[PDB]
Amino acid sequence: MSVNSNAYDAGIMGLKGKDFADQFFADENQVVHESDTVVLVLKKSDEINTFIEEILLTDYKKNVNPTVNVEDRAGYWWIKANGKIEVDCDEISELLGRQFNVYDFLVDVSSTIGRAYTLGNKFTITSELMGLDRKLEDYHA
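Residues numbered from 1 in each chain as written, not as in the entry; some residues may be left out. Heavy atoms only, no water.

**Considerations on the packing of aromatic side chains**
Inference 1: Inspection of the entire model under this criterion finds two aromatic pairs.
Inference 2: With a centroid separation of 5.0 Å and 40° between ring planes, the pair formed by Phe20 and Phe24 is classed as tilted. Accessibility classification places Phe20 together with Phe24 in one group, the exposed group.
Inference 3: Ring geometry for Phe105 and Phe123: centres 5.5 Å apart, planes at 40°, overall tilted. With a gap of 18 residues between them, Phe105 in the loop between α2 (91-95) and β5 (115-118) and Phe123 in strand β6 (residues 123-126) connect regions that are remote in the sequence.
Inference 4: On the basis of relative accessible area, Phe105 is assigned to the buried category, the value being 7%.
Inference 5: One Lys or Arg, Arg73, reaches over the ring of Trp78 and ends 5.1 Å from the middle of that ring. (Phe/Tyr/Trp six-rings, centres within 6.5 Å; stacked < 30°, edge-to-face > 60°. Buried < 20%, exposed > 50% of the residue type's maximum accessible area, 1.4 Å probe, protein only. Helix = DSSP H or I, 4+ residues; strand = E, 2+ residues; numbered from the N terminus. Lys NZ or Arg CZ within 6 Å of the ring centre and 35° of its normal.)

Spelled out as structure tokens, the structure:
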């Protein structure tokens, strides 16, 4: 009837504190087998923070692609996309140093998987190339 309860520090070191939760769900890092996904990681600084918000949600949300999904891991942002992605030159560069360049991105950062080619004002990074082996997908003897 009169069951008093005041915290659980007497058992928190065993109840919820001892349930081996660091061995239930892993996925800390899986292996990828021959994938044509568009990947590229950029340092998480006051630079990426803003530009990323714009660049992606501005163009990729308003009109560009529903993919270009970001993933926050240890500290840097994980920008992954399906098929191909393309960054505009004017949004980020504006906040990342107005009148900046285009190849600034994917030049030599943490990593940027995908072929980047710029044209006028807007660079596109591909990671598929339409499949280098579309007709040679298989060849034996």
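**Details of empty space enclosed by the protein**
Inference 1: Tallied over the entire structure, the rule returns one cavity of 30 Å³ or more.
Inference 2: Taken as a whole, the largest cavity holds about 70 Å³ of empty space.
Inference 3: In terms of residues, the lining of the largest cavity owes the most to one element, helix α1 (residues 46-62), which gives five residues.
Inference 4: A per-class count over the lining of the largest cavity returns 12 nonpolar, no polar and no charged. (1 Å grid on protein atoms, 1.4 Å probe; cavity = no way out; pocket = protein on both sides within 12 Å on 5 of 7 lines; lining within 4 Å. Points joined across faces, edges and corners; volume = space filled by probe spheres on them. Nonpolar A, V, L, I, M, F, W, Y, C, P; charged D, E, K, R; others polar.)

**Examining the sheet that holds strand β1 (residues 38-42)**
Inference 1: Spatially, β1-β3-β2 is the arrangement adopted by the three strands of the open sheet, whose pairing is antiparallel. Of all strands in the sheet, those with a lone pairing partner are β1 and β2 (69-72), marking the two edges. With strand direction ignored, the average angle separating the axes of adjacent strands in the sheet is 20°.
Inference 2: Both β1 and strand β3 (residues 77-81) contribute to a ladder of five bridges, which runs antiparallel. (Pairing = 2+ DSSP bridges. Axes fitted to C-alpha atoms, helices over the stretch in contact; angles between N-to-C directions.)

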